[PDB]
Structure formats: structure tokens, C-alpha cells
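Heads up: the sequence shown begins at 252 in our numbering, then just goes up one per residue.
Each residue gets a CB set at the ideal place from its N, CA and C atoms; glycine is no exception.
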Amino acid sequence: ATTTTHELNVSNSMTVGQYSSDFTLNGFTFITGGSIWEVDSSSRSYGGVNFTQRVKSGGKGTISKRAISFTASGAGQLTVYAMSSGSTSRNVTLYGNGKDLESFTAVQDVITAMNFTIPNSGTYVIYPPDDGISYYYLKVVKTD
């Protein structure tokens, strides 16, 4: 039994553009570290859902650059739909409790569904350590 507490479908909650200052949307905080966050058109499907926009990091980053953070009120699961923005496989890393906790490989051309464990309440950071990542969908689910 779980409760969905955060959701961000980029196709429904963002619009095409370029953003250079940190902002919060649907409970997710987009952290520039002096780079641009960009929303553009990109059609990809996963699990019977069709997406039409992505938010892309524009390159590699850290927990303070091209990062996405959120605060969880308890243990649960974070879902990330992500694609490498180029032809090489690239990590998406979850940071929390003071450390890199878990990484998931994003591949070229298609969405990977990434299921990240949220072990406890707190603030967590999604970042791309290798190179640019395209994000389509984020969801946080809290264990009841």
C-alpha cells in the first residue's frame, strides 16, 4: 500500500524553453549550478504512455549542477523515466543521506524506467554524472 506524493510529467507540466535560474515545479527543485535547464519536443513512449516533451540536463552535472532535488516525507520509491541524450550509455545517480546511494544506466534512443529506493524521509538529488540526460517523467511514492 503506497501513496503518490510527487509527480512530474514533463509533457503536461513544463513548456518548451530555456531556464537559467533555479526553480521548483511539482515539488521538484531544478538546480542549474550556472547551466541551462532546457525543455524541448521529444516523442518517446514507455509502458503504453506517450510523452512529447523532455527536460534535458544539457550535459554532465553534480548534486549542485544540472540536478533535480525533492524532499520525501518517508520511505518509498522514486520513478525516473530517462534517456541518454546521445548515443552512449550514461548513469543517472540518486544522492541522499550524504552519499551516492544508487545509479541506473540510461541508454540511447529509448526511455529506461528507473526505480530508485527512497530509504527514509529527507531530501534527495537526481544528477547526471557522465553526460547529458533527457528526463520525461518523475514520480515519488511513499510507503503507507
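N-terminal and C-terminal residue of the alpha helix (DSSP H) that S262 is part of: 261–264
6 Å CB neighbourhood of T255 in its chain, flanking five on each side removed: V392
Cβ contact (3+ pairs, closer than 8 Å) linking the segment 267–282 and the segment 344–358: Put simply, the segment 267–282 does not touch the segment 344–358. Fewer than three CB pairs are less than 8 Å apart.
8 Å Cβ cutoff met for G268 and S286: Not in contact: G268 and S286 (Cβ atoms no closer than 8 Å).
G337 versus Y378: straight-line alpha-carbon distance, rounded: 16 Å
Of the listed residues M334, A364, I362, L345, nearest to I384 (C-alpha basis): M334
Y388 versus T303: straight-line alpha-carbon distance, rounded: For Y388 and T303, the distance between alpha carbons rounds to 11 Å.
Euclidean distance between Cα positions of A326 and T339: 32 Å
With 16 other Cβ atoms within 10 Å as the buried cut-off, status of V361: exposed
Buried or exposed by the 16-neighbour rule on C-beta atoms within 10 Å, applied to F321: buried
Backbone CA spacing between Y297 and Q359 [nearest angstrom]: The straight-line gap from Cα to Cα measures roughly 14 Å.
Own chain partners of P370 with C-beta closer than 8 Å, once the 5 adjacent residues on each side are dropped: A326, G347, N348, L352
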